[PDB]
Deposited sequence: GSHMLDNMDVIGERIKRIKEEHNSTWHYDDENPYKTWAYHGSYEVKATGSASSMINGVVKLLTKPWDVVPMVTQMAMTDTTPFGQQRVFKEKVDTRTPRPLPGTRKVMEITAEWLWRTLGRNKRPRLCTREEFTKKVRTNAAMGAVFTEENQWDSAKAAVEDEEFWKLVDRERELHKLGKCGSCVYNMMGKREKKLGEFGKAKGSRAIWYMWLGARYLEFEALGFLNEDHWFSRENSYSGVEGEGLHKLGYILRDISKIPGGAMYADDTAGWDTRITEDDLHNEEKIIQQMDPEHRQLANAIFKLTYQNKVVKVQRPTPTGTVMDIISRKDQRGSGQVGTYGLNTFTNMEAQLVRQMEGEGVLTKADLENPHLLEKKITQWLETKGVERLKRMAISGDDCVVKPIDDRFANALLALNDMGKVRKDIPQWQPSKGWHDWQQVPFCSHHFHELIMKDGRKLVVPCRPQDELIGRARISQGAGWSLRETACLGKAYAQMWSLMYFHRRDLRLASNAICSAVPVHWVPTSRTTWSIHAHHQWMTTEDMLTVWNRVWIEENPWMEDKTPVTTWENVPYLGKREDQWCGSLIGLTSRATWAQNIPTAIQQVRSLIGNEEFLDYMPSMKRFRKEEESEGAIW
């Protein structure tokens, strides 16, 4: 590759004091040119969740393997592998579907550049430490310089000096940020997308899909989705440039060509001498850390599922996939007549998908899915997918969903996951060197999230009150509970939680017809005991009963360690 030398010659330039090329490199498809050369437990939450001191899943999450072994062997194992090129017929159909999809996605919207001001706003609020750069003119000078490089068809630093990484990310956000900021994959615009809907809506969306007449609901994982993105996928995602103004088109074509279709990655290797870092390149796959990775994964997944549905419906044959002169017409006619309707049968979030086809031939439509490189996880290539007849069974975005019948007769659809995962996560604190205060506040953060998202789990509501009772009323929850793009962080507030519960689940809930306020937590429903239990609850156990009865004691213990602040009783 010619158009790659600049970044190869730059890291060579600074790191010449240790530079060489190793003959013992574990890179068999990642082309190689050279190489050079801590997270505690939340004490508050733990104290109030004693019965979970034992639980294996809880213990497992309280273990972090990040530095010495856990990313040198993990982020390297099944990544340096190839994907066979899709057949020519497959390639044609994909190309038509991508053309049609971009056109559809852009029917009401025009692509535009995002701005320094927009990027500043987002960095300040924490979204999707780096502040120093953002209030620094020099940073924007470096940004401007690399932009002039991109404009000329060249790339310098898109791989303190932390300014280059962020710089790269901004330019990316500048050329492709519109996909998120202008909501291209919101349900209203994308039909299959759920971007910006929020976790508290995902269940309602699944239930609406369940009402569409058809076969079962399918939700196959892809084994390492990002590793499965082909050169062909990348070229189809690029078709979005056609809709851009000349000035935007340049900057975008730069991003795709230089950082998507021709990447330069830095990664460490355990060379038995010292801590070394390798520099490698590849024409395909996806790098997670990129702004707009989500947009393009949602896009390619949407396309992929449309192709599977097409095969399911008999539009695509093995013969069609092999045909280097496959005719466009039947795909075009399928897309133009049935395209949108088939998108309405789907919920897609990056590599997460749920699909409800018109019948169950879909279960066996595997030719194209396999040939496209999107091989399902933990299943023989050619075994039909398991479908679910109950939408409540369907996994999506680490959750499943339940319908609840409130005492007043109304219904809620609520997010849920095995309780140990919830408690295990709350019991962890990201990073060492925290005071009790910052620790108490992260707990409250989790506690209030549980009262808005998982209030229907008996144990988590009790733990929730316990935490809120032990932490001063006026202390503001800080630091996030999750990085999920589906989280709207309504729990990050000193506003009383039943007021917020009412805003989220009654007032602003478009699926709630009757707007009558809930005046007490006693009218906020639980999962049935039975379901609560199958989802991990400890209700019924005596250790849980003891903890419940003896919770006031531990609350007081936490209280006297915090000091003579203002407390409220939530039990």
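In this chain, the deposited residues that lack C-alpha positions fall in the ranges 1 to 7, 45 to 51, 143 to 154, 186 to 206, 619 to 635.
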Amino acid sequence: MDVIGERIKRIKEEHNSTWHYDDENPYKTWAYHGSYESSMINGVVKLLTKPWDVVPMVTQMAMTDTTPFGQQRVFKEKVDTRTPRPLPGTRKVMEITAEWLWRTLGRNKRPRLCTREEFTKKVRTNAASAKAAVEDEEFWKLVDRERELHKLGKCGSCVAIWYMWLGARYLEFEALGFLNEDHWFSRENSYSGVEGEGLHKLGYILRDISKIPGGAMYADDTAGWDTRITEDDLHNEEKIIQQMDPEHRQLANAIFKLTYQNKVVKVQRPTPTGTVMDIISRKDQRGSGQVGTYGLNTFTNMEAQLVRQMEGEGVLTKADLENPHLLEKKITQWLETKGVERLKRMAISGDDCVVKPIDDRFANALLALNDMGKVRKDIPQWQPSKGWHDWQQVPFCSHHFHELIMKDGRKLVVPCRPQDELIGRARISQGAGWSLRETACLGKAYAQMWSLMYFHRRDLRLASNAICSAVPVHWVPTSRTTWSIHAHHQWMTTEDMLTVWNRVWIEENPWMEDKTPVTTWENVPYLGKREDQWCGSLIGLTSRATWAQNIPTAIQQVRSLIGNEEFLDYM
From here on, numbers count along this sequence of modelled residues.
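Note on 67 to 75 vs 307 to 315: mean CA B-factor is higher in 67 to 75. Taking only CA atoms, the mean B-factor in the PDB entry is higher for 76 to 84 than for the other of 247 to 255 and 76 to 84. Ranked within its chain, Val291 lands in the highest third, by CA B factor from the PDB record. Annotation for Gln285: CA B-factor lies in the highest third of the chain's modelled residues. For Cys155, the recorded CA B-factor ranks within the middle third of the chain. Only modelled residues enter the ranking. The entry lists a Cα temperature factor for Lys141 that places it in the lowest third of the chain's modelled residues. Ranked within its chain, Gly196 lands in the highest third, by CA B factor from the PDB record.
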